[PDB]
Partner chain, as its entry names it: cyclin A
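Next up: just one chain, as structure tokens, the form deposited without the partner chain.
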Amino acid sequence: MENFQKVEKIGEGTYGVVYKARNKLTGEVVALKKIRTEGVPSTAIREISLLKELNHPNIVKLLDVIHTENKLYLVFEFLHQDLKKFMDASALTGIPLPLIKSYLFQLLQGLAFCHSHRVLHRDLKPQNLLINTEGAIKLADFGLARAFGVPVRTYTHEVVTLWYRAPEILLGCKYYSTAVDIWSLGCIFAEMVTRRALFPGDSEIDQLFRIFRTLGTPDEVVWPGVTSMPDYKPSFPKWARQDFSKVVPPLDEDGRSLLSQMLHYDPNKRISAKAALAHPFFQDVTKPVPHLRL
């Protein structure tokens, strides 16, 4: 809009270009996201308006929803870097465990908040986890997936990553529960620790099979009702579960215990954000300052 001066392009978003901009009135710097045409369905407008109310220290603040000239612009709080870039920058040495714990702890607080309001993300990934120089990490784009379905490709034709997608989604479950977000966060937790994506699938079946080879092909024992899901196939190969000691070294026993609970197949058995915050893994949690060189 005319009220904002585009400083620069932050990157390509799921729904449209993302710009760093300055409000010509408050002088504040923000993140402007254009959402991609008939006239914007009232459903999306109402949903997004509700998002302006779910405010939390670990949720990127939605400053304004600008709907003008039949176009949508979301104005968000600006943060200088995302977890994906931070992880890439810390490849040689890896994010210190204390910071990993702090980040997971804060992220769970964010999920617990949104989940308590029955709002889920559905597309959590390192790219939408933002951090600042003070040791904070925040979840970006929360609640947008429900307002605008998550596409296979972005407006730039970029392939939306499947790496953090929960198995119930891959198996065709039409109704998502807050458990999908815990799954994603579990995958992210494992990636920060090992410095390598847990399940880097490059297709839905490849993603599903990578999960199967690590956690074992799910059956009626560990996941009641799984064999009756839309995309389940009795012909799926049968792989045996691997031991977490092999999956995420050198994560200690508390970490492995919590990760296992965040990666449970049955969405109903998967640990909640609230319960995870009480896990012994966070007994010695602190808030370290990450070293960022902007």
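Positions refer to the first chain, counted from 1. The term rigid core refers to the most C-alpha atoms you can superpose between the two forms while keeping them within 1.5 Å.
Compared against other deposited entries of this protein, residue 64 counts as consistently modelled, with coordinates in all of those that resolve the residues around it and thus below the third mark. When the other compared entries with both flanking residues are checked, residue 38 is unmodelled in at least a third.
Missing deposited residues between residue 36 and residue 37: 4 to 9, all without coordinates in the entry. When the two stretches 118-126 and 85-93 are set side by side, the higher mean Cα temperature factor goes to 85-93. Of the two stretches examined, 240-248 and 57-65, the record assigns the greater average C-alpha temperature factor to 240-248. When the C-alpha B-factors of 253, 47, 231, 266 are ranked from the entry, the top spot goes to 47. Residue-level inspection of the entry shows that, of 40, 226, 258, 32, 40 has the top Cα B-factor. When all modelled residues of the chain are sorted by CA temperature factor, residue 186 is found within the lowest third.
Residue 173 sits in the highest third of its chain by CA B factor, as recorded in the PDB entry. Ranked by Cα temperature factor within the chain, residue 220 sits in the middle third according to the deposited record.
Among the modelled residues of its chain, residue 270 has a C-alpha B-factor that falls in the lowest third, as given in the PDB entry. Sort the modelled residues of the chain by CA B factor and residue 151 lands in the highest third.
Keep in mind the form solved in complex with the partner chain is missing from the figure; the text below concerns it.
No residue of the trio 101, 133 and 290 has any heavy atom within 4.5 Å of the partner chain in the deposited complex. Taking non-hydrogen atoms only, residue 241 never approaches the partner chain to within 4.5 angstroms in the deposited complex. Proximity of residue 261 to the partner chain in the deposited complex falls outside the 4.5 Å heavy atom cutoff. In the deposited complex, the partner chain stays beyond 4.5 Å of every heavy atom belonging to residue 246. A residue is said to contact a partner when one of its heavy atoms sits within 4.5 Å of a partner heavy atom; residue 147 meets this definition for the partner chain in the deposited complex.
For the options 97, 112, 222, 89, the one in contact with the partner chain in the deposited complex, meaning a heavy atom within 4.5 Å, is 112. Here the rigid core is superposed between the shown form and the other one, and of 183, 105, 86, 73 the C-alpha of 73 is the only one to shift by 2 Å or more. Annotation: Cα of residue 159 displaced by at least 2 Å between the shown form and the other one, core superposition.
Annotation for residue 23: C-alpha shift of 2 angstroms or more between the shown form and the other one, rigid core superposed.
Residue 143 is among the residues whose C-alpha shifts by 2 Å or more between the shown form and the other one once the rigid core is aligned.
In the deposited complex, the CA atoms of residue 112 and residue 147 come closer by at least 3 angstroms compared with the shown structure. The gap between the Cα atoms of residue 126 and residue 150 is larger in the deposited complex, by no less than 3 Å, than in this form.
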